[PDB]
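In: Quick check, what structure comes out for this input:
(7 chains)
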Amino acid sequence: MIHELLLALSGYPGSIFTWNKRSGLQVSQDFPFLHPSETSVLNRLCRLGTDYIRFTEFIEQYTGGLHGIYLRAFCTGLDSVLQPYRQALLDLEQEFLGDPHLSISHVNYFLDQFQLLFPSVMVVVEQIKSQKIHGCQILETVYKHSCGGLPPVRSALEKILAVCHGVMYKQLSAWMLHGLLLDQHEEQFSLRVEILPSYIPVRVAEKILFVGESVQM
Amino acid sequence: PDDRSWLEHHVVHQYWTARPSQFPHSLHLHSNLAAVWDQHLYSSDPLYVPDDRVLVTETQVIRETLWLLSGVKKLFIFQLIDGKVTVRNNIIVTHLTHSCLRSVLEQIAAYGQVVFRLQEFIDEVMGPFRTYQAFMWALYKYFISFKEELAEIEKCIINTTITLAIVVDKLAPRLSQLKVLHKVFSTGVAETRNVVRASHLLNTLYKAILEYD
Amino acid sequence: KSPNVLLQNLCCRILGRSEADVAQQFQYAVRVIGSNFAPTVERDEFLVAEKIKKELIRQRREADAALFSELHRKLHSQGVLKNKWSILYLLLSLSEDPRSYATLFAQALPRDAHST
Amino acid sequence: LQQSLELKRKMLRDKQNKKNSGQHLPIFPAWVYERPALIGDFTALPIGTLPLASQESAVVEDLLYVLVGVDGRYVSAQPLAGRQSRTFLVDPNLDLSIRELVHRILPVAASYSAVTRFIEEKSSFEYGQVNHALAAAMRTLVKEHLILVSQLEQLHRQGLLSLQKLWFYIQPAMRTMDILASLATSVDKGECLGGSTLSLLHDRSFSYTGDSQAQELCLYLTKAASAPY
Amino acid sequence: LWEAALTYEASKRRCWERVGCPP
Amino acid sequence: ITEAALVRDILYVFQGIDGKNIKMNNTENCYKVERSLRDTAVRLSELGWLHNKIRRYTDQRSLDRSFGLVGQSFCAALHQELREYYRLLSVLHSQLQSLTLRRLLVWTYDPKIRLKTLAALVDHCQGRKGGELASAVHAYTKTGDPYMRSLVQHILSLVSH
Amino acid sequence: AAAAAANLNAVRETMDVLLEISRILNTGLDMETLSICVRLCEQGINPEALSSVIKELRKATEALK
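Out: Numbers count the residues shown, from 1 in each chain, chains lettered A, B, ... in the order given. Take a look at the structure below.
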């Protein structure tokens, strides 16, 4: 039972919980020795694992339309937010090994901070899917939600933004030192003004352009 | 008796030959989940001919997997279908509901096929071009370092506790690095002249480095 | 063990000095614990649990007051002890602040409504 | 009953008019007042044809239910709940001898209801921080009452409690509760607030200055209620 | 006797097939 | 009917999740039973009655972003307090495998106040954000009870950050 | 046997629990002394006698400090 969950929370559907695009991981199995209210608890618990499966699908396909290396910075940051969710899967097992019995409520209880984290990153991933980013415009739609209102999802996206700046410092290291083009194929010649972040002021970006252009001459 | 009993004690060879093993444990639902699910089915009236599962323990199944994963082939569990490893359906420990099981072993078997095919590439070199030999030598230099960690884990199964959820996370930095070889090699196994056969292979690698530059 | 020498084991535990280095403190303890060794009170680990809560609430750590509630669950999960009251009431007796009134707070029956 | 809401609204007007930068005084939501389960105090075969020592067990059990403010099995709590008045009716299938003693046990339950009503009414935001803190310190004594009754429940469960034990057990708490209910009626009657409910307490501290059962209550409640002042 | 014995080392060999401190 | 079923049913309506022979019939009046022990149920079921209200409001405004950074800051504090309420319950579940402590009245008494006050606070900040909301929680920190002073003060430390 | 060694396992667990209860209430006694106090509490004993002894033997080394 307490390894059934540790795979049902992981990316494996099972015969107990039925994954669907209509409503994923619906418990349809009943035992006579269960109280009939355990299914509602199980719905609240299955919210967690449904979100994890959704994230895993979206990571699996990646890493004009949605192209470029930028989504392969977003997916890598999304690995980093999921990384203490895997450690927090190990800790449950470590508790389980010694204790003779445990109740579902404690697991439900302990993983409540990711009932804030997960839907509020689900909004971010769906907004990035429905629209198309091929510029440097991933930074806007993460930075729209980095202001946040709930404190775990405020630091979660900080992870992702630091990663995407790490990708940006390859473009802006070959550019600003070597004066090179094709540090990434987009979608004299200079950066397209439309895809530039507005929280970077435009004058500063022009200064960057001049510094890069001087190496050619 | 006298040899069979002493075998049964020391050697493990009984969950896959005569007298399939029975595992007594702590019972009651927390790791007795397979038996509860079976009883649930039996109450639910299939009705007859129970599902054939031979009852292997878990830590063992970890050993058989690590042997398959290291790169030595031909184990009894996980039959071939054309040379492709597939999950065997008599496996059950005392829980794991037999359906999540059949998915998770499939996932790891999919990673085992990736290394299987590379060892197949090499095994047909032992039963000239000189680029193929250098290729194989690179693969092997990677391979031995991969196999060493798995081989170390195998001792530690006897030792602590070792389970599926631990070995999956522990092998995370390897199962990352296998997925790229499955894509790089898939164009290096798909083709006549020795000069186009060399250029096309070098070109895959030369492209793949600039891909994540 | 045998209860007579078991006291001397405590006396040699706290001070490591021999039982021939002092004999008056040891005599004082055979004076005090004997005729106060067998209970003349009615036992309740319930009531003592309900003041162990009141002690850890008085130190204003509410999670540790819920940690004792789990440790007390474990104690009953094993079932290797008979007198679970005594030791907890003992550890309660030795309570101390790491960082009023009590006669209007519940205490057990002194056997003035029950005698054999 | 309905009389509380009147006084509360008048005092609300007074504090709204007095301060002109003080906007938006809180009060409690409607379900706090309307529901009857936010207070603590509010078929079967005849016991009389039975042997006596089983009737005693049953009346112990029912009486015990009543002390904490829930109905028994052969005792009804009367549906008055008027001013500080509260009665209880034992059903006539009981012999007189038990009946009189049970009646003698009943005043501590009325002296529980009188306290309970007070703690709710004089913790609203019209009576200020001193009545708040005072009701919050009588709440502590309500809790310790509950502490005592819980352990006696366990003792009766093991078949080791009888009416004569119980009468004896509850005598020291009976005095405490009687003094508390009289104090509640006294503060409500004069509608004391501010320092007028620190003068009354100053008086009561002299008034019961003996026994140590009652003098420590007054001394604790005085120090407790005087801190916001 | 019991606390005299109690100065021993207990097993660190654990299994996932039992949860009541497998020996 | 036996006690052991009743203990199970009441153990679930603290969460605001129905029992088996106790169910929520009306959602403005309390849970209604599907004899003295039955009378005990109505005072304990109000805790879940309040839970459902406060949880329903703080579930929805937490995923609201036109409600402001303040207000989501209110919901975070409320949700953290919901946690400490489940932490007590988990022990109570595990302690089965009687266990009635006046049917747990002494235990339930301390969250009972903590529910009234949060149910009060959600209505006073209704449709508010920013300094207008933060004033409405500073209205409640004019109080004399130390338990209430603490309960308000903890939230207020968060909301004005 | 083995089941007679599992009883001692359930005692070694139980003592770890008693040590945790000892530390979250803060005594100045350690595990070695505490085990002797557990021996005493097995026979059934009153701490109105025991606490005086502990606060006396800790007072019998202030003049030998």
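
In: Look through chain C and state the residue closest to chain F.
Out: Per CB to the nearest CB, the residue of chain C with the smallest distance to chain F is residue C:69, at 4.7 Å. For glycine as for every other residue, the C-beta is placed from the backbone atoms N, C-alpha and C.

In: tell me the SS of the residue of chain F found nearest chain A?
Out: In chain F, the residue that lies nearest chain A is residue F:72 (2.7 Å; CB to the nearest CB). Here residue F:72 is helix, with the state taken from DSSP: H, G, I helix; E, B strand; the rest coil.

In: List the contacts of it.
Out: Residue F:72 makes contacts with A:148-150, F:61-62, F:64-65, as judged by CB atoms under 8 Å, 6 or more residues apart in numbering or on different chains.

In: what about the longest helix in chain G?
Out: Using DSSP state H, we find that the single longest helix of chain G is helix G:3-24.

In: what about the helix or strand hosting residue A:75, near chain B?
Out: Assigned by DSSP states H and E, residue A:75 belongs to helix A:71-98. Yes: for helix A:71-98 and chain B, the contact criterion (CB under 8 Å from any CB of the partner chain) is met by A:86, A:89-90, A:93, A:96-97.

In: Make a ChimeraX selection of the buried ones in those residues.
Out: The ChimeraX command for the buried members of the residues of helix A:71-98 next to chain B (criterion: 16 or more other CB atoms under 10 Å in any protein chain shown) is given here:
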select /A:89,93,96,97
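
In: Return the member of the residues of helix A:71-98 next to chain B nearest to chain D.
Out: Of all the residues of helix A:71-98 next to chain B, residue A:96 has the smallest distance to chain D: 33.0 Å, by CB to the nearest CB.

In: My read is that the closest one contacts residue E:19, right?
Out: Yes: with contact defined as CB atoms under 8 Å, residue A:96 counts as touching residue E:19 (6.0 Å).

In: tell me, what's touching the two both at once?
Out: Common neighbours of residue A:96 and residue E:19, using CB under 8 Å, 6+ apart, are A:2, B:30.

In: What count of nearby residues applies to the closest residue in space to residue F:97 that isn't next to it in sequence?
Out: Counting by CB to CB, 6 or more residues apart in numbering or on different chains, residue F:97 lies nearest to residue A:101, which is 6.1 Å off, once chain neighbours are set aside. By the criterion of other CB atoms under 10 Å in any protein chain shown, residue A:101 has 17 neighbours.

In: report the angle between the axes of the host helix or strand of residue A:44 and helix A:71-98?
Out: Assigned by DSSP H and E, residue A:44 belongs to helix A:38-61. For helix A:38-61 against helix A:71-98, the angle by axes from the mean of the first three to the mean of the last three CA atoms, to 10 degrees is 140 degrees.

In: can you list contacts of helix A:38-61?
Out: Against helix A:38-61 from outside (CB under 8 Å, 6+ apart): A:5, A:8-11, A:17, A:19, A:24-27, A:30, A:75, A:78-79, A:82, A:85, A:104-105, A:107-108, A:111, A:114-115, A:118-119, A:121-122, A:125, A:129, F:17.

In: Can you mark which positions in that helix are buried?
Out: A:38-39, A:41-42, A:45-55, A:58-59.

In: Residue D:76: which element?
Out: Using DSSP H and E, residue D:76 falls in strand D:75-77.

In: Give me the distance from that strand to the chain's centre.
Out: Put simply, strand D:75-77 sits 17 Å off its chain's centre (CA atoms, centre = their mean, to the nearest Å).

In: what's it packed up against?
Out: For strand D:75-77, the elements it packs on are helix D:52-67, strand D:88-90, judged by 3 or more CB pairs under 8 Å, 6 or more residues apart in numbering or on different chains; DSSP states H and E.

In: Not counting its neighbours along the chain, what's nearest residue G:14?
Out: residue C:78 (5.1 Å).

In: Now do the same contact list for the one you found.
Out: G:10-11, G:13-14.

In: List the backbone torsions phi and psi for it.
Out: When read as degrees, to the nearest 10, the backbone of residue C:78 gives phi -80, psi -60.

In: same question, residue A:26
Out: phi -80, psi 120.

In: of all of chain A, which residue lies closest to chain D?
Out: residue A:37 (21.4 Å).

In: Surely that residue and residue F:21 touch.
Out: No: using CB under 8 Å, residue A:37 makes no contact with residue F:21, being 11.6 Å away.

In: coming back round to it: and the contacts of helix A:38-61, which of them are buried?
Out: Counted by 16+ other CB under 10 Å, the contacts of helix A:38-61 give A:5, A:8-11, A:17, A:19, A:24-27, A:75, A:78-79, A:82, A:85, A:104-105, A:107-108, A:111, A:114-115, A:118, A:121-122, A:125, F:17 as buried.

In: if we can go back for a sec, got the contact list for the strand holding residue D:76?
Out: With CB under 8 Å, 6+ apart, strand D:75-77 has contacts from D:41-42, D:62-63, D:65-66, D:71, D:88-91.

In: Helices - which of the buried ones among the contacts of helix A:38-61 land there?
Out: Going by DSSP H, the helices hold A:5, A:8, A:75, A:78-79, A:82, A:85, A:104-105, A:107-108, A:114-115, A:118, A:121-122, A:125 from those.

In: Which one of the residues in chain D is closest to chain A?
Out: Using CB to the nearest CB, the closest approach of chain D to chain A is made by residue D:37 at 21.4 Å.

In: Quick check: that residue touching residue F:39?
Out: No: look at residue D:37 against residue F:39 with CB under 8 Å: they stay out of range, at 10.2 Å.

In: which parts of chain F sit against chain A?
Out: Near chain A, when you scan chain F using CB under 8 Å from any CB, you find F:8, F:12, F:17-20, F:62-63, F:65, F:67-69, F:71-73, F:75-76, F:79, F:82-83, F:86-87, F:89-90, F:93-94, F:97.

In: What is the neighbour count of residue 34?
Out: Unless you meant another one, I'm taking chain A. 11.

In: try again with chain G
Out: 20.

In: Is it in contact with residue G:23, as I believe?
Out: No: applying CB under 8 Å, one finds residue G:34 not in contact with residue G:23, separated by 10.0 Å.

In: Quick one: residues contacting residue B:179.
Out: Counting by CB under 8 Å, 6+ apart, residue B:179 touches residue B:114.

In: Any idea how many residues pack against residue C:84?
Out: 19.

In: before we move on, what about residue D:191?
Out: 12.

In: That one and residue D:86, how far apart?
Out: Per CB to CB, to the nearest Å, residue D:191 is found 21 Å from residue D:86.

In: Do you have the helices of chain D handy? List them.
Out: According to DSSP H, the helices that chain D contains are D:3-18, D:30-34, D:52-67, D:96-105, D:107-121, D:128-157, D:163-169, D:171-190, D:196-207, D:215-226.

In: what do you get for chain E?
Out: Going by DSSP H, chain E shows helices at E:2-5.

In: Please, where are all the strands along it?
Out: For chain E, strands defined by DSSP state E do not occur.

In: what does it have sitting close to chain G?
Out: Close to chain G, as judged by CB under 8 Å from any CB, chain E has residues E:2-3, E:5-6, E:8, E:10, E:21, E:23.

In: what about residue C:35, neighbour count?
Out: Residue C:35, neighbours per other CB under 10 Å, totals 9.

In: Kindly report the same for the one 10 residues further on.
Out: Look at residue C:45: counted by other CB under 10 Å, it has 18 neighbours.

In: now do the one 4 residues further on
Out: Residue C:49 has 19 neighbours, counted by other CB under 10 Å.

In: Could you do the one 5 residues further on as well?
Out: For residue C:54, the neighbour count with other CB under 10 Å is 15.

In: can you check residue F:152 too?
Out: 21.
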